[PDB]
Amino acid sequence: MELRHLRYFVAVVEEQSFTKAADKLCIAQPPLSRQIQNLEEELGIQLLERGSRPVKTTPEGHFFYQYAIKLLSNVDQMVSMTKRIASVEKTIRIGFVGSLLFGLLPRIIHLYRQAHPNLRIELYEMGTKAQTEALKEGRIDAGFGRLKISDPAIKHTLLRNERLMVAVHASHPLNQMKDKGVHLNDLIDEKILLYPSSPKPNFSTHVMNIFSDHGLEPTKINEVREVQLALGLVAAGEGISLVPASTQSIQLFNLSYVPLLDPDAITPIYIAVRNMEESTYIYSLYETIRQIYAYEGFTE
């Protein structure tokens, strides 16, 4: 078949008539019907319900239609992307901490891909310290993390203040405050599961920092390997855990998330680049972030 067949079919489904679609396609109705008849026989499948006056699709017709608008949209994308390629083949390398996979970062990267069709993008999971060294050595070009950096060779900027939340078993008394929220102070005597167990500093450093900023130091603490351990163990009755809000991407039976009322019970997200960085590719990454944030209704 040809793209003509797909375009002819889609117009008929959208206009809901053989003659009405012919007007927008600028052709006569007899040959338009033949093409669709030729498409159906070439497929050996009935796509349109015959013979409806306001034409309706069959089960396979509806399926083929949704596929077709997507395939024809890909052609449009192909053409548009080809005309905006960078002549010199570039690679951009991005470091990130694992917790960022649960929020906006992936769709930011995906959007970034589309802005530079021929750009090779390499993604590396690394902590903040590793990010700092990699940047200075030029092994990454941007790092996304949750900790501030002290280093004259690095420029870090606050992107957003994500809220912290408490993961609890549904039967925990604190789950009564699911819609109201609680204070860090309410958590002082709980069994608290910190994570990950990876090289420090990491997210568990931050959580304990947050308690410490409020004059608090929990003593019933257990460090577990990764987020899923923390949440799985909470779901199994082992205690509670503090998580970034986006970790709600994980929902488990009898696991519940409770908001925190302390204004500074937060986990900031930063972008780190080299101090003297001015690559258009990195400015473009910043704008992609801004684009996504705007769609989400963020400032900040």
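For every residue, the number given is its place in the sequence shown, counted from 1.
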For the C-alpha atoms alone, is the average B factor greater in 235-243 or in 61-69, going by the entry? 61-69
Entry-level comparison of average CA B-factors, 92-100 and 155-163, reporting the higher stretch: 155-163
Just the C-alpha B-factor column, please: which of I210, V168, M177, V75 has the biggest number? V75
Among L39, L260, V273, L255, which carries the highest Cα B-factor? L39
Where does the C-alpha B-factor of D23 rank in its chain, lowest, middle or highest third? highest
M81 CA temperature factor, ranked by third within the chain: highest
For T128, the third of its chain into which the C-alpha B factor falls: lowest
Mind checking which third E278 falls in for C-alpha B-factor across the chain? lowest
Among the modelled residues of this chain, does the Cα B factor of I269 put it in the lowest, middle or highest third? lowest
